[PDB]
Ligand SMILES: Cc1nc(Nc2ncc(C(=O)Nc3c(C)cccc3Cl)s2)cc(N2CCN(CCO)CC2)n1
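As structure tokens, one chain now follows by itself in the form deposited without the named molecule.
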């Protein structure tokens, strides 16, 4: 489409992290604009499946969602070119020395920004299904943007749902809705307020989905305001229909300080 650009208009400068699925790089499109390049390591995924993320990003465009600039698909090493996020994932950032110094006011902000991006997704009648701090990216001005739309669908070829972030009715009955994203968001609040701690410390994925069938919820976590725990408990309601809208979460979070 007009999303294809020639490989030559992209220079890869610094490697940001590898893995099984591929690499992530900092680069430039035409020298001027600072970009992020996601590289597909060939053989791993299909080219259609790797591009499904970008394919979705063509439709989902908002300030609190990482934007797609272009793709390189013409030749073997496929690239996905997106907006550069200087501070990396929210998870990495919260765990860094700089991130550990960020107090509650900006944590609630972070949280309210993500609820804003989600409110767009739900208004667009979409679901993310993989909502967690490692899939949220932080810019230099400390703006939060939802990234990783690999599991996003309109309401899987080779990427698993994040068990410890997934709603009980989704695990047990395969019911993925915007309300299950609301659950995930509750767990994401837990990651923010604890500075990137794993959900359900010392529990395997299996312990968790067994415990959730017995109605377990993580207890009020240290250094978490009563009101903010009430937000989480609202996202973790057993009945999906009784969980709040993302438009509401963004509203109540913003009224905090």
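Residue numbers count along the first chain shown, from 1.
We do not show the form deposited with the named molecule bound, though everything after this point is about it.
Note that among 212 to 220, 53 to 61, 184 to 192, 227 to 235, the stretch whose heavy atoms approach the named molecule to within 4.5 Å in the deposited bound form is 53 to 61.
Although the partner is absent from this view, residue 82 contacts the named molecule in the deposited bound form, with a non-hydrogen atom inside 4.5 angstroms. At the 4.5 Å threshold, heavy atoms of residue 114 stay clear of the named molecule in the deposited bound form, well away from it. Interface membership of residue 40, defined by any non-hydrogen atom within 4.5 Å of the named molecule in the deposited bound form, is ruled out. Remark: residue 148 counts among the residues lining the named molecule in the deposited bound form, judged by a heavy atom distance of 4.5 Å or less.
For the residues 159, 107, 86, 171, the 4.5 Å heavy atom test against the named molecule in the deposited bound form is passed only by 86. For the candidate set 118, 131, 167, 137, a heavy atom within 4.5 Å of the named molecule in the deposited bound form is found for exactly one residue, namely 137.
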